[PDB]
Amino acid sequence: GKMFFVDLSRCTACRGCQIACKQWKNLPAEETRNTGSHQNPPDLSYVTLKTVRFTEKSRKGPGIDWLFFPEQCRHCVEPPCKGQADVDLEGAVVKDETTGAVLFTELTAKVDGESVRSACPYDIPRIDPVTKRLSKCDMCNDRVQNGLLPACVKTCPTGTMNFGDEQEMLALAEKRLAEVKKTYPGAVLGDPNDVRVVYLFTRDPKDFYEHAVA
């Protein structure tokens, strides 16, 4: 019954959310190098549930369109990753009836993780090269059940990150798409009837990232 509404017309790429994901779960940092981008880590991994993707797009006149994409599992209303794993060992991937969270369990070490990733139209699942566990955003289902905002949402200072009941979050996305279209005429909602993380893009979702939308 819960939805994130992520208004990318408000993102400063401050990367609060990225750090706050790790601090809450006490995840480790990757070995990183600068390869000619601010972006880092360069991709999701077993230890990185969220990264902010930076894309520079040319525009006529001064400046650029600098597209910011803080990427996480979309918590699909119809989880393709479950469907894929449920026919190898049922229970490795679960849906919380309460929140709508899609959660990967310890039993994902006993499936074709690799083929659970392929089923994911958003290329989200990541594999531990040791335990063969699958990791991804778990919606801070911990905190939500206790009636806390997820860490990435409470930390965001711009109004980009928003969370709550589907009805209220859909209503808000609807209303906010209308106001944002005044500044960014080509603004669209990502897969807004399929997912529980509804991104507002300022333009073609595919400019933000190859797998932004299904």
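Don't overthink the numbering: it's just position in the shown sequence, from 1. Heads up, when I say rigid core I mean the largest set of C-alphas that superpose within 1.5 Å between the two forms.
Asker: Fitting on the core, do the C-alphas of 52-60 or of 35-43 deviate more in 5 other deposited structures of this protein?
Answerer: After superposing on the rigid core, the more displaced stretch in 5 other deposited structures of this protein is 52-60.
Asker: Averaging only over Cα atoms, indicate whether 79-87 or 134-142 has the higher B-factor in the PDB entry.
Answerer: Going by the record's values, the stretch with the higher mean is 79-87.
Asker: Comparing 152-160 with 62-70, which has the greater mean CA B-factor as deposited?
Answerer: Comparing 152-160 with 62-70, the higher average CA B-factor belongs to 62-70.
Asker: Comparing recorded Cα B-factors across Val47, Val52, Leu170, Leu177, which one is largest?
Answerer: Highest C-alpha B-factor among the listed residues goes to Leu170.
Asker: Tell me, lowest, middle or highest third: where does the Cα B factor of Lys22 rank within its chain?
Answerer: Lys22: CA B-factor falls in the lowest third of its chain.
Asker: State the tercile, meaning the lowest, middle or highest third, of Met3 with respect to the CA B-factors recorded for its chain.
Answerer: Answer is highest: the recorded C-alpha B-factor places it there.
Asker: Would you mind checking where the Cα B-factor of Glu30 ranks among the modelled residues of its chain, as the lowest, middle or highest third?
Answerer: Middle third, going by the recorded CA B-factors of the chain.
Asker: Could you say whether, by C-alpha temperature factor, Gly190 belongs to the lowest, middle or highest third of its chain?
Answerer: Middle third - that is where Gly190 ends up once the chain's C-alpha B-factors are sorted.
Asker: Where does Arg196 sit by CA temperature factor within its chain: lowest, middle or highest third?
Answerer: For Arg196, whose C-alpha B-factor we compare with every modelled residue in the chain, the answer is the highest third.
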